[PDB]
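The sequence shown runs 19 to 48, 51 to 72, 97 to 221, 224 to 235, 238 to 262, 266 to 276, 298 to 312 under the UniProt record's numbering. Every residue gets a Cβ at the ideal spot worked out from N, C-alpha and C, and that includes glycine. Everything below concerns the one structure shown next.
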Amino acid sequence: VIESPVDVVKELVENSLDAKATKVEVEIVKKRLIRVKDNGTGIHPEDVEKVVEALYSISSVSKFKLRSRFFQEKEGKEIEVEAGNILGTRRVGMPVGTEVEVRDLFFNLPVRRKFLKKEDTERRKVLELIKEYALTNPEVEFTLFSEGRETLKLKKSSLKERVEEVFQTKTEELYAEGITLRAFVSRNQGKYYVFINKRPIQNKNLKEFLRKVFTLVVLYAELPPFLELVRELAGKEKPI
Ligand SMILES: Nc1ncnc2c1ncn2[C@@H]1O[C@H](COP(=O)(O)OP(=O)(O)O)[C@@H](O)[C@H]1O
Ligand SMILES: [Mg+2]
């Protein structure tokens, strides 16, 4: 579950969205620090200690803090853990929501730490991950700071606006329908994103076929628990 900083960011941002955050803020350093802040419902003080599953596995491999203020409470609570060992808790003043800081990832596993990829490779994986969450959560604001610079800022918007902000280009929206397809295509620019029932799909069979029938292609597929309709979809661009 936890091999590198991107895996940490994934689990934390998933937890923020699970807690119906509308603003998710991520900061990474070098790794050295992963911080995820959200304005979701928070965690009751009586449950903060319990959560140390994904947070257990993260806290046992880092110098870990989690602070959270429950929507019903005036104060937050903070728990601090090192490599799975609880170091203490504290009352803290904070806004409603949750902030998790993961420091010195794999400090307790120096071989695993020395085999991590260079900072710039880890950075790009976290950048791509946050783009992927932003593409399926257009109602959510996302910010990413890396090495102290605000490298990604996406405000709440329509899906088409959110696609266009992410990829910095104008798109044409295509549609074809128990099976539903919605794509956004931009032709000059090649990148082929696929979301099946709101989840990111990396399948090679699908990206090659999007390459073959289209270019930037962002495909949102909704299916009950195909490639024909995609090529049917590819013919639906307006004449000009
Ligand atoms: N950002 C957050 N906001 C609210 N609750 C959180 C947050 N992060 C974690 N939690 C709480 O901690 C629990 C454990 O998180 P986790 O270890 O990721 O397991 P899981 O999310 O699969 O239940 C969650 O069920 C949720 O109750
Ligand atoms: Mg979780």
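**Request:** Please indicate yes or no: does the CB of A98 lie closer than 7 Å to some heavy atom of ligand 2?
**Result:** Looking up residue 98 in the sequence shown gives position 54. Yes, the Cβ of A98 comes within 7 Å of a heavy atom of ligand 2.
**Asked** Looking at C-beta atoms only, is the number of pairs between the segment 60 to 67 and the segment 151 to 165 that lie closer than 8 Å three or more?
**Response** no
**Message:** Assuming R303 is part of the alpha helix (DSSP H), what are its boundary residues?
**Reply:** Here residue 303 refers to the residue found at position 231 of the sequence shown. Its alpha helix (DSSP H) spans residues 299 to 305.
**Message:** Quick check for students: name the residue ranges of the alpha helix (DSSP H) that lie wholly in the segment 160 to 184, counting only runs of 4 or more.
**Reply:** 163 to 180
**Message:** Applying the 10 Å Cβ sphere with the 16-neighbour rule, what's the burial state of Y219?
**Reply:** As a first step, residue 219 must be located in the sequence shown, where it is residue number 175. Exposed: under 16 other Cβ atoms inside 10 Å.
**Asked** What residue range is occupied by the uninterrupted beta strand (DSSP E) comprising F262?
**Response** On the sequence shown, position 214 is the one that residue 262 refers to. Looking at the DSSP string, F262 is not in any beta strand (DSSP E), and its letter there is neither H nor E.
**Request:** Check whether the segment 140 to 153 touches the segment 97 to 113, taking contact to mean three or more Cβ pairs, one atom from each stretch, closer than 8 Å.
**Result:** yes
**Asked** What's the gap between the Cα of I174 and the Cα of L274?
**Response** Residue mapping note: residue 174 aligns to position 130 of the sequence shown, counting from 1. Residue mapping note: residue 274 aligns to position 223 of the sequence shown, counting from 1. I174 and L274: Cα-Cα distance of roughly 24 Å.
**Request:** Just mark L153 as buried or exposed, buried being the case when its beta carbon has 16 or more other beta carbons within 10 Å.
**Result:** As a working note, residue 153 is residue 109 in the sequence shown. When all chains shown are included, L153 counts as exposed.
**Message:** Which residue marks the beginning of the alpha helix (DSSP H) containing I102, and which one marks its end?
**Reply:** The sequence position of residue 102 within the sequence shown is 58, counting from 1. Residues 98 to 103.
**Asked** In the segment 98 to 159, which residue ranges form an unbroken beta strand (DSSP E) of at least 3 residues, counting only runs that do not cross its ends?
**Response** 107 to 113, 120 to 126, 129 to 136, 141 to 147
**Prompt:** With 16 other CB atoms within 10 Å as the buried threshold, where does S112 fall?
**Reply:** Position 68 of the sequence shown, counted from the start, is the residue given in the question as residue 112. It counts as buried.
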